[PDB]
K.L.:
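Take this structure first; my questions come after.
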Amino acid sequence: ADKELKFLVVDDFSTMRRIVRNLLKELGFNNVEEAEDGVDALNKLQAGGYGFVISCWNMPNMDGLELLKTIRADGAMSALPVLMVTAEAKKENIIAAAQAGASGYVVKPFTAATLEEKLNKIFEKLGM
């Protein structure tokens, strides 16, 4: 993969965003920006040049699922990789995400090695 891939880390918890950003940094992905909700994420993706989205499932105003659905329906970003992050694995959330086209899903807290594994599988899957 391209270590310069521009990531957008979405979560209403700044601590959670910080974690994710540091784990990416640990894997050598330094190009990272943050969004506090689905709306903010879309405003940012509309600026352009993003290559990957890592989004929390639960956020006020526009949750991860709605954001994901919006991205997938967007002509220009319809295939942007979207990894969903959740603190609780629920069979239904997983299925719902898959179906809406989530690139992957991970339960937090996770380590850089777990993240790496998820990212590599999506990169490959997307022949990235």
Side-chain angles (χ1 to χ4, degrees):
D2 176 22
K3 302 319 219 100
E4 295 314 298
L5 183 71
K6 179 178 123 177
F7 283 77
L8 177 60
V9 169
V10 201
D11 192 323
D12 46 312
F13 275 98
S14 54
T15 294
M16 185 63 188
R17 292 205 300 274
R18 192 79 184 173
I19 293 170
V20 178
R21 168 192 278 278
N22 188 290
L23 296 164
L24 277 173
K25 185 177 74 283
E26 171 167 354
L27 301 178
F29 289 109
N30 292 280
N31 194 5
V32 181
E33 299 294 345
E34 299 175 41
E36 81 183 37
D37 76 26
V39 171
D40 181 32
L42 295 170
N43 273 342
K44 293 170 170 157
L45 295 164
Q46 296 217 296
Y50 281 105
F52 199 116
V53 181
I54 298 170
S55 185
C56 175
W57 182 260
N58 281 119
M59 319 179 274
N61 304 319
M62 182 185 294
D63 72 19
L65 181 63
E66 193 168 348
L67 164 71
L68 167 62
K69 285 167 162 177
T70 305
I71 289 168
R72 288 280 171 273
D74 183 293
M77 307 166 170
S78 76
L80 199 60
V82 182
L83 169 63
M84 205 63 31
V85 179
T86 178
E88 216 163 25
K90 282 188 149 135
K91 188 194 140 199
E92 310 56 12
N93 304 351
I94 291 166
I95 277 143
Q99 273 169 19
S103 301
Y105 186 96
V106 62
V107 180
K108 79 85 174 260
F110 47 85
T111 59
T114 293
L115 180 57
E116 196 170 29
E117 175 177 335
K118 305 293 320 177
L119 293 181
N120 285 344
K121 167 153 93 192
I122 291 163
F123 287 150
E124 178 89 0
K125 222 174 61 141
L126 261 72
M128 300 172 68

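Numbering of residues begins at 1 and proceeds along the displayed sequence. The figures here come from the full heavy-atom set of this structure, side chains too, leaving out hydrogens, waters and symmetry mates.
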K.L.:
Could you grab the distance from atom CG of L115 to atom CD1 of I19, nearest 0.5 Å is fine?
P.N.:
12.0 Å
K.L.:
Looking only at non-hydrogen atoms, find the nearest pair between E88 and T86 and report the distance.
P.N.:
O-OG1, 2.9 Å
K.L.:
Which atom names give the shortest non-hydrogen contact between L5 and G51, and what distance separates them?
P.N.:
CD1-CA, 3.6 Å
K.L.:
Do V9 and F110 belong together in a cluster built from hydrophobic side chains that touch within less than 4.5 Å?
P.N.:
yes
K.L.:
Knowing that exactly one of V85, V106, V32 qualifies, which makes a side chain to side chain contact (heavy atoms under 4.5 Å, CB included) with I54?
P.N.:
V85
K.L.:
Is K69 reaching over with its side chain to a backbone N or O of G101, donor-acceptor style, under 3.5 angstrom?
P.N.:
no
K.L.:
If you group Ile, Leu, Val, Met, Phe, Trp and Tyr by side-chain heavy-atom gaps below 4.5 Å, do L126 and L24 land in one group?
P.N.:
yes
K.L.:
Are there more than 12 heavy atoms of other residues, nucleotides or ligands under 6.0 Å from atom NZ of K3?
P.N.:
yes
K.L.:
So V53 and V82, do their side chains get closer than 4.5 Å, heavy atoms only?
P.N.:
yes
K.L.:
In terms of the angle between their ring planes, are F29 and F123 parallel, tilted or perpendicular, with boundaries placed at 30° and 60°?
P.N.:
tilted
K.L.:
Flag yes if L80 and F52 sit in one hydrophobic cluster, no otherwise; membership is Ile, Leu, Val, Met, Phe, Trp, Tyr, and two members link when side-chain heavy atoms are under 4.5 Å apart.
P.N.:
no
K.L.:
Hey, could you give me the CG/OH distance between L83 and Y105, rounded to the nearest 0.5 Å?
P.N.:
10.5 Å
K.L.:
Working to the nearest 0.5 angstrom, can you tell me the gap between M84 CE and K118 NZ?
P.N.:
11.5 Å
K.L.:
Would you say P81 and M128 make side-chain contact, with heavy atoms under 4.5 Å?
P.N.:
yes
K.L.:
Evaluate the side-chain proximity of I71 to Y50: yes if any heavy-atom separation is below 4.5 Å, no if none is.
P.N.:
no
K.L.:
Could you grab the distance from atom CD of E36 to atom CE of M59, nearest 0.5 Å is fine?
P.N.:
10.0 Å
K.L.:
Check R17 against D11 and note the closest heavy-atom contact, atom names and distance.
P.N.:
NH1-O, 2.8 Å
K.L.:
Could you tell me whether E33 and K44 make a salt bridge, using a distance below 4.0 angstrom between a side-chain N and a carboxylate O?
P.N.:
no
K.L.:
Could you tell me which non-hydrogen atom of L8 sits nearest to which non-hydrogen atom of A41, and how far apart they are?
P.N.:
CD2-O, 3.5 Å
K.L.:
Could you tell me whether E92 and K90 make a salt bridge, using a distance below 4.0 angstrom between a side-chain N and a carboxylate O?
P.N.:
no
K.L.:
Would you say that more than 12 heavy atoms from the other residues, nucleotides or ligands in this model lie under 6.0 Å from the NZ of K121, or not?
P.N.:
no
K.L.:
Identify the two heavy atoms, one from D63 and one from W57, that lie closest to each other, and give their separation to 0.1 Å.
P.N.:
CB-O, 3.4 Å
K.L.:
Evaluate the side-chain proximity of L23 to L27: yes if any heavy-atom separation is below 4.5 Å, no if none is.
P.N.:
no
K.L.:
Mind listing the closest non-hydrogen atom pair of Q46 and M77 along with its distance?
P.N.:
N-CE, 3.8 Å
K.L.:
If two hydrophobic side chains count as joined below 4.5 Å and joins carry through other members, does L67 share a cluster with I94?
P.N.:
yes
K.L.:
State the CG-OG distance between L68 and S103, to the nearest 0.5 angstrom.
P.N.:
8.0 Å
K.L.:
What distance do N61 atom CG and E66 atom CD have between them, rounded to the nearest 0.5 Å?
P.N.:
10.0 Å
K.L.:
Same cluster for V107 and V10 if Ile/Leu/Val/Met/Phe/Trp/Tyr side chains link at under 4.5 Å?
P.N.:
no
